[PDB]
Amino acid sequence: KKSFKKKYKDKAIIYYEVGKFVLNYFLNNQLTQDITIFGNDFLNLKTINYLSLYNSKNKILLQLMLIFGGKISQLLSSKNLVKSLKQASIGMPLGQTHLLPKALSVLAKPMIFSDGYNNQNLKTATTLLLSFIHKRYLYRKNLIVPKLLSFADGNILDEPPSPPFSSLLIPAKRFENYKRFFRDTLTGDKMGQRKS
Amino acid sequence: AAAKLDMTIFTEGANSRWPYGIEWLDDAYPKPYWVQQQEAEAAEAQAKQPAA
Amino acid sequence: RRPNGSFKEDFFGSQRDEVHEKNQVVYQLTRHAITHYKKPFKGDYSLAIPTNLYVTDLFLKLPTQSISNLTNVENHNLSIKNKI
Amino acid sequence: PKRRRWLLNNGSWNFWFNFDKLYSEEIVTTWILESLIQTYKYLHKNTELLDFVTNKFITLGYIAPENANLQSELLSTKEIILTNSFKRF
Amino acid sequence: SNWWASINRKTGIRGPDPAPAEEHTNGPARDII
Amino acid sequence: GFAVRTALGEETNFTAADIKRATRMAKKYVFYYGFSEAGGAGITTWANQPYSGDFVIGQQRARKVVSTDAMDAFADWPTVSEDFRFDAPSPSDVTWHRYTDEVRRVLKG
Amino acid sequence: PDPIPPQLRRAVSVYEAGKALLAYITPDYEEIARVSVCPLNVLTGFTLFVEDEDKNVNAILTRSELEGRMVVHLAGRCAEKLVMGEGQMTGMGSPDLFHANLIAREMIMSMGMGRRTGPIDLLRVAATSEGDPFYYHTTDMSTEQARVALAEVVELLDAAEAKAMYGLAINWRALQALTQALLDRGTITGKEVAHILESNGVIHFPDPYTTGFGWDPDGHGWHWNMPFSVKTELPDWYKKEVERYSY
Amino acid sequence: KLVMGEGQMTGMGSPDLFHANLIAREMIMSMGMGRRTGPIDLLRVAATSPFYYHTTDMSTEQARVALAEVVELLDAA
Amino acid sequence: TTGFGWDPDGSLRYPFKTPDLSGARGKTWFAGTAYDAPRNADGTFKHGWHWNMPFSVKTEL
Amino acid sequence: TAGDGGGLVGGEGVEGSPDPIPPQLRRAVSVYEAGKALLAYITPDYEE
Amino acid sequence: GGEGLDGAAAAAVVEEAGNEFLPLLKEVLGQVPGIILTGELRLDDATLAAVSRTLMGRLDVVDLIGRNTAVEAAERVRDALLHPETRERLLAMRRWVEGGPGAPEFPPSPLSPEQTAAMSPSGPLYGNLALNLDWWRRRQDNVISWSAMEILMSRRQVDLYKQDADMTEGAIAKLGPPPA
Amino acid sequence: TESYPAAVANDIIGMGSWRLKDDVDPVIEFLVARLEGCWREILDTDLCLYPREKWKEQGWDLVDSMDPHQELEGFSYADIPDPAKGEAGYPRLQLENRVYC
């Protein structure tokens, strides 16, 4: 029992890092076709800024390929268990008894062991792309018009400063009752409770 | 004549009633109750205009 | 930094200043914000210029997002922040 | 303290400003998909190399998932093996 | 001539001279450093 | 500012210092004192009364009293006690529209 | 005598029986330590699980494990609905609903397991400087992005509810035995839960990642990847103001 | 953009762009050089040290017009 | 800068004044109906996409 | 450039700053500065 | 009768509350030709009361909850009759919940005694309990709407309930059947 | 850090990244896995892959009968559904090769 579970786990783990280093080597040493080199795959903040501000779209696509090599490697090498589970056995897609063992297999997602991406890669990828979009006004320059201008949406109209600045205690006295209302009506004391 | 201004004054004349000259207002806010009462009384008054 | 404010004539009404000196301050402030951008020794580590703050937030901070489409929040997905 | 910037609730839900989220989201999504697809298309033609390198790496050694209580770079034997594997396959 | 007469903002902005598409690329590593 | 513009024939930042002042007064015309016609009479559902300067962390100068801006603040009667202060509910951004439109009418006239 | 009325005792017993039964037959789930209904005549109830230190939190969670937890969380409310009728459901199973919803929003918006959103990160758990131990960092979404994520969350949740209902329906006799034991004793241990469930023919859930499925000499219609679309209706003034800022 | 093609542009000029925008803002919301907005003061400096510099409490339909005027100034420039 | 600008069709203003479902590409999964994926001019899918890939693609309508 | 951020220098050799500043990134800077100076010259009564 | 009832409140107090559910339920069961109501199917007040109390809740709050809610619950209680396999289960659930002298020790199971073995380990359908949650889903939509009322409600529910939304009239007229 | 002998390794890989797996019988799976694992474990100091311009450039490493001209870039096994009985192309045949030196 545990033997097969560790077989699945270890196969996944090895195919991840193999595909990752294979894409690393390929892009660094064979796309260019002196000395064989291996990158270090870490993206700082200064590096994200450089890439966002000064590089084309293809440089960004290369960095992303480097990020997702390992997941794609796992994907290419996994066994879809739907066939094995519904051949060794035989409204909802598990209700269809017609069709053919071959086209009865596309009715829902494949049963891959390691599906779902890893949160660090998603953070990196979206940080890079969001820097690119929001610090680089390609094709849309009239969108700088609302920057560093706040339009005063949810709040009281004319409110004066507070003790750090003005020694007046009315806005804080009203904020306290606002917090009472929040606890009693909307949220509660903890996550999960209907109310207080 | 050049001593005039083009400053736009939004709620002027015909714009003194519910839409107030705002065009996107009836796609953002349900019509209030007092607005409905105003419209009702004005409708019936102006329908009494020919009969008066 | 050893420590202008318009919150005093808005809410407390002090106005302890001749109109002429206030007008002069306004003139010089506008001209300095608009024309001292990247001028040696007249335009420097100066918080009175908004473009210096734009550059700071462009390189240091991470991409800021727009407002949300939610309710009971302020503009972003957050609550009103503490007064003191 | 209510929200005052309602703009549209007739064919969508919008508030004042936010005239730039659809564009930014389309860009992010399309770029991530295109990168993933190019990775897939490259690896699709190099499957034997994947199999061979996996065999070698398993017999060299690796850290089991459960045995890690507390892969950024490659050791030296693994680099000899990966270079030769690109040369052969 | 008067190429600046036919400048269009919708269909795309481009000068007269043909697309100076010069570019070269090393890997991501030799580009970052 | 309007004199500089009518002499030169071109706008300046001098207007920038005028309208600021005027805007303050114009709001105090519409909201606090009730002189306008915002509602049928000039009575408005919200006003912003001043606080006393005693609340500010204040200083003292050796100057003379300002001609207009500080001698017109002799007619205000600010609020001095904190548990008797009245602030009505803020307007609704469809009412704020009409109130600030009255401010605009005053300034344009 | 009993300070508690009948129907309240019955409702809480059925709830805890459903939750314990489904936590028993689910692979890789924790161990039941105590199941009690109104202990010491205090109006309450709980199913307690054995906290283990062999767990290393740095281990990642696969998709099947998260789905199993979702099903276990919906189990008790589905037991109530199936035994006593929809009109007799209380709001007693609310924290379980909250946790199932947390799981379903993090798979779609933190782990990229939705086929229609994709590998985009929109939620981030974060620990407080130590009330709850944690909170979340969010991202302001448009209406399209948010409606496409909502469709997926709803699909996940209603699928999990159907699986919990079947898991309870094919174990009706063991469910009956467990709720009767709770009505008569009001507090049982994990050891006795196992004993009562095994003496009545409990049917475990299959585990697909422990079998062989190999072979050794020693013994049209839908497609899962159809393209989607979101339907919206913008007015004309709105299209005008978007072209003004699209340049 | 005219020489290197509109695709190969860098963020090198994003600060100067924000400077030009800022000018168009003051001319419209602080010096009353707008045509439909006229002589009224709308902006306030946010007393702080997300990051904001200007705040304004004007209605939404007036914000529409003022921003349209800033945009057409920038288009002409 | 008065008299300059852009016209509502995109022109600068100075101051005064179907895919080919022919070969194998027509045998893909739905291939012509409303349930098909967006295609390019030559009949390839939009971003280089194939029904193998683990993410769906958003149809414009 | 402060505690971290950065991304503006171009001669430090670190992963941020490339060493010779590639040529396609020098053509662009020259085009930028040339356009700015050309417009500041043909504008009546600008600074010198 | 308004001896001292102010006249203004003396008119709103003869409202004829409409408090209860059975008079509303029979007005709906009168639309099916098979049923006849007593004091082809023959049903009395005890059966209707027990079925409704199981499926809907307390039976004298029709004014607190609305009339659209009552009409929907009446539709569901109508469809829960008209075939005995569920009728008997609902009556047995009611009887176990009350708990008189005739509580049948548990309600009946929802699954036939056949399908319980059809999914037992010695059956054709056992392995089906091992697939993803992607094989268990009961809904599929390729066009996602802009409203959440249209995502988590059925079509009949939307038509009955959309008049309570906080949207304009042009918005509300865009939901449900396009018959408009 | 743990290692495994090459026999255990070639049993974890299995019919590893063949593109036509999941439609291959379990006996054929067993045989292919065993044979290729033997080649990988015994001849692992000289096992090249056959020159690619002979077989892998013409596209003979994965052959489909519904797409003989390879206009789907070699994803025909996924993009094209199975023809029904009596339709043009029935019965469909697909081949996958591997060649080493």
# chains A, B, ... in the order shown; residues from 1 in each chain; ligands from 1

call {"tool": "interface_residues", "arguments": {"of": "chain F", "to": "chain B", "cutoff": "12 Å", "atoms": "only C-alpha atoms", "output": "mmCIF file with C-alpha atoms, in the first residue's frame"}}
result
data_model
loop_
_atom_site.group_PDB
_atom_site.id
_atom_site.type_symbol
_atom_site.label_atom_id
_atom_site.label_comp_id
_atom_site.auth_asym_id
_atom_site.auth_seq_id
_atom_site.Cartn_x
_atom_site.Cartn_y
_atom_site.Cartn_z
ATOM 1 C CA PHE F 2 -8.981 88.857 -13.016
ATOM 2 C CA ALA F 3 -7.253 92.225 -13.374
ATOM 3 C CA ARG F 5 -5.639 88.485 -16.788
ATOM 4 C CA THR F 6 -7.470 91.423 -18.344
ATOM 5 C CA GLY F 9 -4.577 88.936 -22.022
ATOM 6 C CA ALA F 38 -30.330 75.730 -1.883
ATOM 7 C CA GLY F 39 -33.638 73.973 -1.243
ATOM 8 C CA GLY F 40 -36.201 76.702 -1.906
ATOM 9 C CA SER F 92 -25.318 61.310 -0.453
ATOM 10 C CA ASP F 93 -23.277 62.308 -3.552
ATOM 11 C CA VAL F 94 -26.536 63.068 -5.325
ATOM 12 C CA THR F 95 -27.238 65.781 -2.780
ATOM 13 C CA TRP F 96 -23.608 66.849 -2.658
ATOM 14 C CA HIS F 97 -23.895 67.352 -6.416
ATOM 15 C CA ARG F 98 -26.640 69.944 -6.021
ATOM 16 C CA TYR F 99 -25.045 71.696 -3.060
ATOM 17 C CA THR F 100 -21.695 72.140 -4.786
ATOM 18 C CA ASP F 101 -23.575 73.269 -7.871
ATOM 19 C CA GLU F 102 -24.956 76.098 -5.739
ATOM 20 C CA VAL F 103 -21.409 76.980 -4.700
ATOM 21 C CA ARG F 104 -20.545 77.106 -8.405
ATOM 22 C CA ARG F 105 -23.474 79.382 -9.189
ATOM 23 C CA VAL F 106 -22.338 81.844 -6.524
ATOM 24 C CA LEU F 107 -18.747 81.914 -7.771
ATOM 25 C CA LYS F 108 -19.747 82.318 -11.413
ATOM 26 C CA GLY F 109 -22.105 85.204 -10.723
#

call {"tool": "interface_residues", "arguments": {"of": "chain H", "to": "chain E", "cutoff": "10 Å", "atoms": "only C-alpha atoms", "output": "list in words"}}
result
residues 1, 2, 3, 4, 5, 6 and 8 of chain H

call {"tool": "write_last_selection", "arguments": {"atoms": "C-alpha atoms", "output": "short mmCIF file (atom, residue, chain, number, x, y, z; two decimals), in the first residue's frame"}}
result
data_model
loop_
_atom_site.label_atom_id
_atom_site.label_comp_id
_atom_site.auth_asym_id
_atom_site.auth_seq_id
_atom_site.Cartn_x
_atom_site.Cartn_y
_atom_site.Cartn_z
CA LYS H 1 7.76 55.64 -30.38
CA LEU H 2 8.27 57.14 -33.85
CA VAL H 3 11.77 55.71 -34.33
CA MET H 4 11.93 52.38 -32.49
CA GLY H 5 8.40 51.30 -33.31
CA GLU H 6 5.54 51.35 -30.83
CA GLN H 8 9.83 48.18 -28.39
#

call {"tool": "interface_residues", "arguments": {"of": "chain K", "to": "chain D", "cutoff": "9 Å", "atoms": "only C-alpha atoms", "output": "VMD selection string"}}
result
chain K and resid 146 to 147 167 to 172 174

call {"tool": "write_last_selection", "arguments": {"atoms": "N, CA and C atoms", "output": "compact mmCIF listing (two decimals), in the first residue's frame"}}
result
# COMPACT_ATOMS: atom_id res chain seq x y z
N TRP K 146 -23.61 37.73 -15.61
CA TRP K 146 -23.04 38.85 -14.82
C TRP K 146 -23.65 38.93 -13.43
N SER K 147 -24.70 38.17 -13.17
CA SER K 147 -25.42 38.19 -11.88
C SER K 147 -25.08 36.94 -11.08
N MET K 167 -31.67 46.35 -7.32
CA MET K 167 -31.19 46.84 -8.60
C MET K 167 -32.26 47.68 -9.26
N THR K 168 -31.87 48.38 -10.31
CA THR K 168 -32.82 49.21 -11.02
C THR K 168 -33.82 48.33 -11.76
N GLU K 169 -34.72 48.97 -12.51
CA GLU K 169 -35.70 48.20 -13.25
C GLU K 169 -35.13 47.62 -14.54
N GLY K 170 -34.28 48.37 -15.23
CA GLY K 170 -33.65 47.83 -16.41
C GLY K 170 -32.73 46.67 -16.12
N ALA K 171 -32.17 46.63 -14.91
CA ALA K 171 -31.35 45.49 -14.53
C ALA K 171 -32.22 44.27 -14.25
N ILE K 172 -33.26 44.44 -13.44
CA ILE K 172 -34.13 43.33 -13.09
C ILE K 172 -34.81 42.76 -14.32
N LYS K 174 -33.55 42.03 -16.97
CA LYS K 174 -32.58 41.28 -17.75
C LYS K 174 -32.32 39.89 -17.19

call {"tool": "residues_around", "arguments": {"residues": "stretch 150-159 of chain K", "least_positions_apart": "6", "cutoff": "9 Å", "atoms": "only C-alpha atoms", "output": "ChimeraX atom specification"}}
result
/G:147,150-151,154 /K:72,144,175-177

call {"tool": "write_last_selection", "arguments": {"atoms": "N, CA and C atoms", "output": "compact mmCIF listing (two decimals), in the first residue's frame"}}
result
# COMPACT_ATOMS: atom_id res chain seq x y z
N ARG G 147 -16.80 36.57 -11.31
CA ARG G 147 -17.89 35.66 -11.65
C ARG G 147 -17.36 34.33 -12.16
N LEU G 150 -16.34 32.45 -9.14
CA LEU G 150 -17.49 32.02 -8.36
C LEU G 150 -18.14 30.78 -8.96
N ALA G 151 -18.25 30.72 -10.28
CA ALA G 151 -18.81 29.52 -10.91
C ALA G 151 -18.05 28.26 -10.49
N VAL G 154 -18.66 27.28 -6.75
CA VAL G 154 -19.97 26.64 -6.59
C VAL G 154 -19.95 25.21 -7.10
N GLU K 72 -42.90 29.14 -3.58
CA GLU K 72 -41.85 28.20 -3.95
C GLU K 72 -41.91 26.93 -3.10
N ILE K 144 -21.29 32.15 -18.57
CA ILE K 144 -21.37 32.63 -17.20
C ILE K 144 -22.04 33.99 -17.22
N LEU K 175 -33.11 39.44 -16.23
CA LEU K 175 -32.87 38.18 -15.55
C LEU K 175 -34.09 37.29 -15.71
N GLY K 176 -33.86 35.98 -15.77
CA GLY K 176 -34.92 35.03 -16.00
C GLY K 176 -35.18 34.82 -17.48
N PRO K 177 -36.42 34.49 -17.83
CA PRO K 177 -36.75 34.19 -19.22
C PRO K 177 -36.76 35.45 -20.06

call {"tool": "residues_around", "arguments": {"residues": "stretch 204-219 of chain G", "least_positions_apart": "4", "cutoff": "9 Å", "atoms": "only C-alpha atoms", "output": "PyMOL selection string"}}
result
(chain A and resi 1-6+8+81+84-85+88+113) or (chain G and resi 24-27+167) or (chain K and resi 121+126-131) or (chain L and resi 26-27+29-30)

call {"tool": "write_last_selection", "arguments": {"atoms": "N, CA, C and O atoms", "output": "tab-separated table (two decimals), in the first residue's frame"}}
result
chain	number	residue	atom	x	y	z
A	1	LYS	N	0.82	-1.20	0.00
A	1	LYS	CA	0.00	0.00	0.00
A	1	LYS	C	0.86	1.25	0.00
A	1	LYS	O	0.85	2.02	-0.96
A	2	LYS	N	1.60	1.46	1.09
A	2	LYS	CA	2.48	2.62	1.18
A	2	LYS	C	3.53	2.61	0.07
A	2	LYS	O	4.05	3.67	-0.31
A	3	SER	N	3.85	1.42	-0.44
A	3	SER	CA	4.81	1.32	-1.54
A	3	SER	C	4.34	2.10	-2.75
A	3	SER	O	5.09	2.91	-3.31
A	4	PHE	N	3.10	1.89	-3.17
A	4	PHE	CA	2.60	2.58	-4.36
A	4	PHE	C	2.46	4.07	-4.12
A	4	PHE	O	2.74	4.87	-5.02
A	5	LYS	N	2.04	4.47	-2.92
A	5	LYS	CA	1.92	5.89	-2.63
A	5	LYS	C	3.27	6.58	-2.70
A	5	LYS	O	3.39	7.68	-3.26
A	6	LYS	N	4.32	5.94	-2.17
A	6	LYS	CA	5.62	6.57	-2.27
A	6	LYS	C	6.17	6.49	-3.69
A	6	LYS	O	6.95	7.36	-4.09
A	8	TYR	N	4.30	7.00	-6.40
A	8	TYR	CA	3.71	8.19	-7.00
A	8	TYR	C	4.42	9.45	-6.55
A	8	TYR	O	4.81	10.29	-7.38
A	81	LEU	N	-5.57	8.21	-14.28
A	81	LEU	CA	-6.12	7.05	-13.58
A	81	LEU	C	-7.58	6.78	-13.88
A	81	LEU	O	-8.12	5.80	-13.38
A	84	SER	N	-7.89	3.39	-15.75
A	84	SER	CA	-7.64	2.28	-14.85
A	84	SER	C	-8.74	2.08	-13.83
A	84	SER	O	-9.00	0.95	-13.43
A	85	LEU	N	-9.40	3.16	-13.40
A	85	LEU	CA	-10.42	3.02	-12.37
A	85	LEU	C	-11.76	2.59	-12.95
A	85	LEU	O	-12.53	1.91	-12.27
A	88	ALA	N	-11.11	-1.41	-14.65
A	88	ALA	CA	-11.06	-2.45	-13.63
A	88	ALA	C	-12.35	-2.53	-12.83
A	88	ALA	O	-12.46	-3.38	-11.94
A	113	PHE	N	-1.89	12.76	-10.32
A	113	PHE	CA	-1.58	12.78	-8.90
A	113	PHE	C	-1.19	14.17	-8.43
A	113	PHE	O	-1.72	14.66	-7.43
G	24	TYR	N	-14.50	8.81	9.62
G	24	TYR	CA	-13.92	7.49	9.83
G	24	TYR	C	-13.60	6.81	8.51
G	24	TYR	O	-12.53	6.21	8.37
G	25	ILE	N	-14.50	6.88	7.54
G	25	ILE	CA	-14.36	6.14	6.30
G	25	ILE	C	-13.57	6.91	5.25
G	25	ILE	O	-13.51	6.49	4.10
G	26	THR	N	-12.97	8.00	5.61
G	26	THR	CA	-12.22	8.77	4.63
G	26	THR	C	-10.74	8.49	4.77
G	26	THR	O	-10.20	8.61	5.87
G	27	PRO	N	-10.06	8.10	3.70
G	27	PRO	CA	-8.64	7.76	3.81
G	27	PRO	C	-7.82	8.96	4.23
G	27	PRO	O	-8.16	10.10	3.92
G	167	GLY	N	-21.90	8.93	0.47
G	167	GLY	CA	-21.17	8.28	1.53
G	167	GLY	C	-22.00	8.00	2.76
G	167	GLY	O	-21.75	7.03	3.47
K	121	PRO	N	-18.13	-3.00	-2.04
K	121	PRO	CA	-16.85	-3.41	-2.66
K	121	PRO	C	-17.00	-4.52	-3.68
K	121	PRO	O	-16.22	-4.58	-4.64
K	126	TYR	N	-18.17	0.37	-7.35
K	126	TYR	CA	-17.36	0.74	-6.19
K	126	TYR	C	-16.29	1.75	-6.57
K	126	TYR	O	-16.13	2.78	-5.90
K	127	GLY	N	-15.54	1.48	-7.64
K	127	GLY	CA	-14.43	2.35	-7.99
K	127	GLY	C	-14.85	3.77	-8.29
K	127	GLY	O	-14.04	4.69	-8.19
K	128	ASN	N	-16.12	3.98	-8.65
K	128	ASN	CA	-16.63	5.32	-8.89
K	128	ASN	C	-16.52	6.21	-7.68
K	128	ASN	O	-16.53	7.43	-7.83
K	129	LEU	N	-16.43	5.65	-6.48
K	129	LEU	CA	-16.24	6.47	-5.29
K	129	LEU	C	-14.82	6.97	-5.15
K	129	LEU	O	-14.48	7.51	-4.09
K	130	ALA	N	-13.97	6.80	-6.16
K	130	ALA	CA	-12.57	7.18	-6.05
K	130	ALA	C	-12.18	8.31	-6.99
K	130	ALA	O	-11.07	8.83	-6.89
K	131	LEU	N	-13.07	8.72	-7.88
K	131	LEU	CA	-12.72	9.75	-8.85
K	131	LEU	C	-12.67	11.12	-8.18
K	131	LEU	O	-12.98	11.29	-7.00
L	26	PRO	N	-2.13	-3.45	-20.53
L	26	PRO	CA	-1.18	-3.62	-19.42
L	26	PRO	C	-0.07	-4.62	-19.70
L	26	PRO	O	1.03	-4.48	-19.15
L	27	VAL	N	-0.32	-5.63	-20.54
L	27	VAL	CA	0.75	-6.55	-20.91
L	27	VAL	C	1.79	-5.85	-21.77
L	27	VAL	O	3.00	-5.97	-21.53
L	29	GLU	N	2.35	-2.74	-21.79
L	29	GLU	CA	3.01	-1.80	-20.89
L	29	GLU	C	4.13	-2.47	-20.13
L	29	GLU	O	5.25	-1.96	-20.06
L	30	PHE	N	3.84	-3.63	-19.53
L	30	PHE	CA	4.85	-4.39	-18.81
L	30	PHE	C	6.05	-4.67	-19.70
L	30	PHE	O	7.20	-4.42	-19.32

call {"tool": "closest_residue", "arguments": {"among": "A:160, A:69, A:188, A:95", "to": "chain D", "atoms": "only C-alpha atoms"}}
result
A:69

call {"tool": "residues_around", "arguments": {"residues": "residue E:6", "least_positions_apart": "4", "cutoff": "8 Å", "atoms": "only C-alpha atoms", "output": "PDB file with N, CA, C and O atoms, in the first residue's frame"}}
result
ATOM      1  N   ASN E   2       5.005  64.030 -47.313  1.00  0.00           N
ATOM      2  CA  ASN E   2       4.150  64.490 -46.228  1.00  0.00           C
ATOM      3  C   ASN E   2       3.601  63.308 -45.459  1.00  0.00           C
ATOM      4  O   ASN E   2       2.407  63.224 -45.176  1.00  0.00           O
TER       5      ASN E   2
ATOM      6  N   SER I  11      -6.980  60.327 -36.866  1.00  0.00           N
ATOM      7  CA  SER I  11      -6.044  61.069 -37.690  1.00  0.00           C
ATOM      8  C   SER I  11      -5.573  62.322 -36.976  1.00  0.00           C
ATOM      9  O   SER I  11      -6.347  63.011 -36.314  1.00  0.00           O
ATOM     10  N   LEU I  12      -4.288  62.611 -37.126  1.00  0.00           N
ATOM     11  CA  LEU I  12      -3.695  63.791 -36.520  1.00  0.00           C
ATOM     12  C   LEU I  12      -4.346  65.042 -37.084  1.00  0.00           C
ATOM     13  O   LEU I  12      -4.780  65.059 -38.236  1.00  0.00           O
TER      14      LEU I  12
END

call {"tool": "atom_distance", "arguments": {"atom1": "atom CA of residue G:34", "atom2": "atom CA of residue G:48"}}
result
5.1 Å

call {"tool": "atom_distance", "arguments": {"atom1": "atom CA of residue L:73", "atom2": "atom CA of residue L:18"}}
result
16.7 Å

call {"tool": "residues_around", "arguments": {"residues": "stretch 16-29 of chain H", "least_positions_apart": "3", "cutoff": "8 Å", "atoms": "only C-alpha atoms", "output": "list in words"}}
result
residues 144 and 145 of chain A; 34, 51 and 54 of chain C; 13, 32, 33, 34, 37, 40, 41, 42, 43, 66, 69, 70, 73 and 74 of chain H

call {"tool": "closest_atom_pairs", "arguments": {"of": "chain J", "to": "chain C", "cutoff": "9 Å", "atoms": "only C-alpha atoms", "output": "tab-separated table"}}
result
residue	atom	partner	partner_atom	distance
J:1	CA	C:59	CA	7.5
J:2	CA	C:60	CA	7.5
J:3	CA	C:60	CA	8.4
J:4	CA	C:60	CA	7.1
J:5	CA	C:60	CA	4.3
J:6	CA	C:59	CA	6.0
J:7	CA	C:59	CA	7.1
J:8	CA	C:59	CA	8.3

call {"tool": "select_by_dssp", "arguments": {"residues": "stretch 31-212 of chain G", "states": "strand (DSSP E or B)", "output": "MDAnalysis selection string"}}
result
chainID G and resid 32:37 45:49 124:127 134:137 187:189

call {"tool": "atom_distance", "arguments": {"atom1": "atom CA of residue G:93", "atom2": "atom CA of residue K:78"}}
result
28.4 Å

call {"tool": "interface_residues", "arguments": {"of": "chain C", "to": "chain H", "cutoff": "12 Å", "atoms": "only C-alpha atoms", "output": "VMD selection string"}}
result
chain C and resid 1 3 to 8 10 26 to 27 29 to 31 33 to 38 47 to 67 75 to 76 78

call {"tool": "closest_atom_pairs", "arguments": {"of": "chain G", "to": "chain A", "cutoff": "7 Å", "atoms": "only C-alpha atoms", "output": "tab-separated table"}}
result
residue	atom	partner	partner_atom	distance
G:62	CA	A:114	CA	6.7
G:63	CA	A:115	CA	7.0
G:94	CA	A:192	CA	6.9
G:95	CA	A:192	CA	4.7
G:98	CA	A:192	CA	5.6
G:110	CA	A:119	CA	6.7
G:111	CA	A:116	CA	5.5
G:112	CA	A:116	CA	5.5
G:113	CA	A:116	CA	4.8
G:119	CA	A:122	CA	6.4
G:120	CA	A:122	CA	6.1
G:121	CA	A:122	CA	5.6
G:131	CA	A:190	CA	5.7
G:132	CA	A:190	CA	6.1
G:209	CA	A:5	CA	5.7
G:210	CA	A:1	CA	4.9
G:211	CA	A:4	CA	6.7
G:212	CA	A:4	CA	6.9
G:213	CA	A:84	CA	6.2
G:220	CA	A:103	CA	6.3
G:222	CA	A:107	CA	5.8
G:223	CA	A:107	CA	5.2
G:224	CA	A:108	CA	4.5
G:245	CA	A:142	CA	5.2
G:246	CA	A:140	CA	5.4
G:247	CA	A:140	CA	4.5

call {"tool": "interface_residues", "arguments": {"of": "chain D", "to": "chain H", "cutoff": "10 Å", "atoms": "only C-alpha atoms", "output": "ChimeraX atom specification"}}
result
/D:4-7,16-17

call {"tool": "closest_residue", "arguments": {"among": "A:148, A:72, A:169, A:157", "to": "chain I", "atoms": "only C-alpha atoms"}}
result
A:72

call {"tool": "residues_around", "arguments": {"residues": "residue F:4", "least_positions_apart": "4", "cutoff": "12 Å", "atoms": "only C-alpha atoms", "output": "VMD selection string"}}
result
chain F and resid 8 to 16 18

call {"tool": "write_last_selection", "arguments": {"atoms": "C-alpha atoms", "output": "PDB file, in the first residue's frame"}}
result
ATOM      1  CA  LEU F   8      -1.948  90.719 -19.960  1.00  0.00           C
ATOM      2  CA  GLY F   9      -4.577  88.936 -22.022  1.00  0.00           C
ATOM      3  CA  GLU F  10      -3.452  85.554 -20.701  1.00  0.00           C
ATOM      4  CA  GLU F  11      -4.015  83.408 -17.623  1.00  0.00           C
ATOM      5  CA  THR F  12      -1.490  83.144 -14.798  1.00  0.00           C
ATOM      6  CA  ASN F  13      -1.025  81.411 -11.485  1.00  0.00           C
ATOM      7  CA  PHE F  14      -2.272  84.579  -9.799  1.00  0.00           C
ATOM      8  CA  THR F  15      -5.820  83.300 -10.201  1.00  0.00           C
ATOM      9  CA  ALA F  16      -4.576  80.218  -8.354  1.00  0.00           C
ATOM     10  CA  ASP F  18      -7.595  84.072  -5.592  1.00  0.00           C
TER      11      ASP F  18
END

call {"tool": "interface_residues", "arguments": {"of": "chain E", "to": "chain I", "cutoff": "9 Å", "atoms": "only C-alpha atoms", "output": "number ranges by chain"}}
result
E: 4-11
